[PDB]
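Taking it in order: structure first as structure tokens, then the write-up.
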Amino acid sequence: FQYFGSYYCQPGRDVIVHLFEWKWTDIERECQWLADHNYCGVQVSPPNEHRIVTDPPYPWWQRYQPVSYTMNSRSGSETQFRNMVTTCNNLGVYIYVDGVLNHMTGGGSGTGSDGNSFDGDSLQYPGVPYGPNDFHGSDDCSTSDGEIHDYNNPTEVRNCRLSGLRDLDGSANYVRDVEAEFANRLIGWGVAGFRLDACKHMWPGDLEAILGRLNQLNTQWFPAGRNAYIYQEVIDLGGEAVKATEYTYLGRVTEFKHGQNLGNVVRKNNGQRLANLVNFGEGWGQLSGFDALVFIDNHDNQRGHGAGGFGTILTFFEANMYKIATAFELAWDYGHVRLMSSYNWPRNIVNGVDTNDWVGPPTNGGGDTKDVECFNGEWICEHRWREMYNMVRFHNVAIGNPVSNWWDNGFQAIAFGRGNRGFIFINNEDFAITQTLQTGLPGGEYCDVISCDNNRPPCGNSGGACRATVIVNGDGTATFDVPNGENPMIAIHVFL
Ligand SMILES: [Ca+2]
Ligand SMILES: [Cl-]
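If you count by the entry's author numbering, then the sequence shown holds residues 17 to 512, one letter each, in order.
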């Protein structure tokens, strides 16, 4: 039995970023910035040939309808993909492919992003090739429309069609061989791993058979005898017949409870309290940290498609709370952390649903994607926000230390350290707090890395609101003056 939940990073790097709908040429350039800020890797949008949808015009979700396993996509050509992987790998920033193996397209016919035909009505995908024998059908699914409705029926969830997406027969030797060939081709070029889409809709045994066909990582960059990193998108918020714990033996699993819980806590939904995070992690009924890929939001649930709709998940639209939740997640020790990196779109919530949730990335038209320019009102670039990247540095400095010196106000203020390496005071109250705490840190002069550029004087005021220096006393205590409001947190850490 091979296990795929271990990932590989350069020393001092750990956090990964989803550069959602970024072009390969932009990711290739971004790898320098990411390396300089000690991020470990990038999840890239599905790079295989996908459906081109023109009604509505070029939505993001067309990339979740495979047409073939060639490598010309909205983000760029095979040549551009391979240039990106090579450059990023040489910089020590690795690439995880969003791998879409559960299904092909929905109904209708057309061509994909590399010119190959699809026909979801006849189940013909000549670019693979797949035909009807390669799919589940009326022999395998008994619902009246062929779609999934009863999430208490694992057979229905796995063998019927997710919203009409034609469902591949993952038990078939041919499908397993074809999908492994796709993954192995990408591994051979230098891809480090995969985010596997829609895994709740596949049988773990079929995933095991596909993963057993995989070659090990390319030793131009990776250690000999290393399996690819696999993290599996399994949406499991409890009370269903498919469980995230079915997939952890194969690799890591997305823990959607993490962002649900942190979102509810930071929003103070239904009387939640920041102080309740004292035991956050597996003890909240979540996966063990070692089995989990964690994140505040993803591309689906920032569009209201997760549970609670728009009322729980935090996103760049709620920037102040989003930074609080992300800072906590990065300072804590639980899971492999992925940060979303988003684009803006005309979100328009009507009766709880965003009417414009289909809108694709910044475009001049014609299905192209604009070059990224961070902070221009179109590309959000959360991973480049100082509050994020300085908390990634905090996370890196703190690595391997326990949570220590926990404090809270019984309510909406907590503070904790990571050994003798870092300390964060989070005041989520509607009033200011002055509090002296054992920070666990060596005595000295520290800067708040939430508001300042550097961890020690000179503090650096590029953001314009760098707070006064924090003095840690000789006994390890420090006095935190934390006003409520924007960025209502102070994080300090020893020199990297
Ligand atoms: Ca399926
Ligand atoms: Cl995901």
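We put the beta carbon where it would ideally sit given N, CA and C, even for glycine.
Hey, how far is the Cα of residue i from the Cα of residue j?
i: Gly122; j: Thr95; result: 28 angstroms
i: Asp137; j: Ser125; result: 7 angstroms
i: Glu403; j: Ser467; result: 7 angstroms
i: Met337; j: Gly254; result: 25 angstroms
i: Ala188; j: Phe272; result: 30 angstroms
i: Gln454; j: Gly351; result: 26 angstroms
i: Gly228; j: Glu197; result: 12 angstroms
i: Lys216; j: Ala335; result: 30 angstroms
i: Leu355; j: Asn412; result: 15 angstroms
i: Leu202; j: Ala208; result: 9 angstroms
i: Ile340; j: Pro148; result: 49 angstroms
i: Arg289; j: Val282; result: 8 angstroms
i: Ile226; j: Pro142; result: 21 angstroms
i: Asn489; j: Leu512; result: 20 angstroms
i: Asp52; j: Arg45; result: 12 angstroms
i: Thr70; j: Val116; result: 21 angstroms
i: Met120; j: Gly131; result: 15 angstroms
i: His152; j: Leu184; result: 6 angstroms
i: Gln18; j: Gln236; result: 22 angstroms
i: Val250; j: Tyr146; result: 25 angstroms
i: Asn503; j: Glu256; result: 38 angstroms
i: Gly479; j: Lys284; result: 28 angstroms
i: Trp219; j: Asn367; result: 35 angstroms
So is residue i buried or exposed if we call it buried at 16+ other beta carbons inside 10 Å?
i: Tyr80; result: buried
i: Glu461; result: exposed
i: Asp193; result: exposed
i: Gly267; result: buried
i: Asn231; result: exposed
i: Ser129; result: buried
i: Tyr190; result: exposed
i: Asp387; result: exposed
i: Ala347; result: buried
i: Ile68; result: buried
i: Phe332; result: buried
i: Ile487; result: exposed
i: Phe391; result: exposed
i: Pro377; result: buried
i: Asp30; result: buried
i: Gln276; result: buried
From the DSSP output, in three-state form, read off residue i for me.
i: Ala429; result: strand
i: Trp422; result: strand
i: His509; result: strand
i: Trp395; result: strand
i: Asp222; result: helix
i: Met120; result: coil
i: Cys390; result: strand
i: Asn443; result: strand
i: residue 10; result: As shown, the chain starts at 17 and ends at 512. That puts residue 10 outside it, with no answer to give.
i: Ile68; result: coil
i: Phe151; result: strand
i: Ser304; result: coil
i: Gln81; result: coil
i: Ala494; result: strand
i: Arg211; result: strand
i: residue 515; result: It is not possible to answer for residue 515, since the shown part of the chain is limited to 17 through 512.
i: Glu163; result: strand
i: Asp52; result: helix
i: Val269; result: strand
i: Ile32; result: strand
i: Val281; result: helix
Ordered along the chain, which non-local residues of its own chain (more than five positions away) have a Cβ less than 6 angstroms from that of residue i?
i: residue 13; result: This structure does not reach residue 13, given that the chain is present from 17 up to 512, and the question cannot be answered.
i: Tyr265; result: none
i: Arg211; result: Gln59, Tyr112, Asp114, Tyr247
i: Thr102; result: none
i: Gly383; result: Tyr74
i: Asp166; result: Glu172
Within its chain, find whatever has a CB closer than 7 angstroms to the CB of residue i; leave out the 5 residues flanking it on each side and keep chain order.
i: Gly456; result: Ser420, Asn421, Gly433, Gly435, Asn436, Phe439, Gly492
i: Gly92; result: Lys39, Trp40, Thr41
i: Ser179; result: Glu163
i: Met87; result: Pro63, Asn64, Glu94, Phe97
i: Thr159; result: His165, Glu172, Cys176
If I measure Cβ to Cβ from residue i and keep anything under 8 angstroms in the same chain, skipping five residues before and after, which residues do I get?
i: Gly476; result: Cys463, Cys468, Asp469, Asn470, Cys482
i: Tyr24; result: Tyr110, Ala208, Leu233, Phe238, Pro239, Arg242, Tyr245
i: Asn372; result: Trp361, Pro362, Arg363, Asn364
Counting pairs of beta carbons, one from the region 388 to 400 and one from the region 490 to 499, are three or more of them closer than 8 angstroms? no
The region 318 to 338 / the region 354 to 372 touching (three or more Cβ pairs under 8 angstroms): yes
Between the region 73 to 87 and the region 162 to 170, do three or more beta carbon pairs fall short of 8 angstroms? no
Are the region 377 to 395 and the region 27 to 43 touching, with three or more C-beta to C-beta distances below 8 angstroms? yes
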